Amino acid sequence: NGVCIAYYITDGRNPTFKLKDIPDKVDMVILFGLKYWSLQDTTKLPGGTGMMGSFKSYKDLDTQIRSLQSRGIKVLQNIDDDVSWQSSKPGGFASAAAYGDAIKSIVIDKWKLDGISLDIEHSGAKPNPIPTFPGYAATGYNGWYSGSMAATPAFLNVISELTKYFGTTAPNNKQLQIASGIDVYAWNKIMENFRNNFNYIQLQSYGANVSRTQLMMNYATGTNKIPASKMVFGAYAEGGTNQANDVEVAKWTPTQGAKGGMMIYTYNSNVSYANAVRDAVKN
């Protein structure tokens, strides 16, 4: 019985399925697409358009969020890694501490959200040297996802500062999760440093079968030393074609022990698909 984490991309797709329509047996919802800078300054992106396409206005967004929380569903904000994380001015703030405070100020202080999930896969400087990727048998991936970036010290500082307000060691029960892949350059160093801070660690194993997820599990647990109970796999509902596999992964208990659960990308892309995955990981 794992967790069921639902991504709700706010780009207006499948509009009749409102954020508040997230069904029961869904533990958390991660607002996705919508950027934290829109939560920060609500006047820049008109409601009902772009990444606010899913809502009539910011008030509508705010109201639906509460609708989920009052039902006990945690609502997290997606935060994407960015090349500015590798600089001394992450997010254009003065330091990683400043960046961290800002995220805390916007996501928690202002929007009273339950935490954040880090989508780690964006471009930036590659590591140097680039290590030899272990390979498929060892990780479930063929090689590096060349479009990701190195977890340089500056990049690590950002996450470190964020762990002060989000995650297992932060106060006020705030979630800190990550959605990435063993193939992203920054993976290993992120886990060497913060695996224990993450409540859940999601692998974007879109389109995988149980065999491939197990391969990932072998590495995540054996080499990255991640507790099996934090591992969450990705159900690619957006694709609409891998449900049977997703359902199997959802029901599946890795050889290393009970996993954290499943995340669904995205629940609102195909509700029936998402419900099946939810049902599978829950029952």
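Residues carry their position along the shown sequence, with the first being 1.
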(message) Highest mean C-alpha temperature factor of the two stretches 53-61 and 231-239, which is it?
(response) 53-61
(message) Mean CA temperature factor from the deposited coordinates, higher in 101-109 or in 203-211?
(response) 101-109
(request) Return the residue from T255, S38, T221, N245 that has the highest Cα B-factor in the entry. (result) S38
(request) Using the B-factors in the PDB entry, rank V281's C-alpha atom against the chain and give the third, lowest, middle or highest. (result) highest
(request) Would you mind checking where the Cα B-factor of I130 ranks among the modelled residues of its chain, as the lowest, middle or highest third? (result) highest
(message) Using the temperature factors of the C-alpha atoms in this entry, rank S148 within its chain: lowest, middle or highest third.
(response) middle
(message) Which third, lowest, middle or highest, does the C-alpha temperature factor of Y141 belong to within its own chain?
(response) middle
(message) How does the C-alpha B factor of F166 compare with the rest of the chain: lowest, middle or highest third?
(response) middle
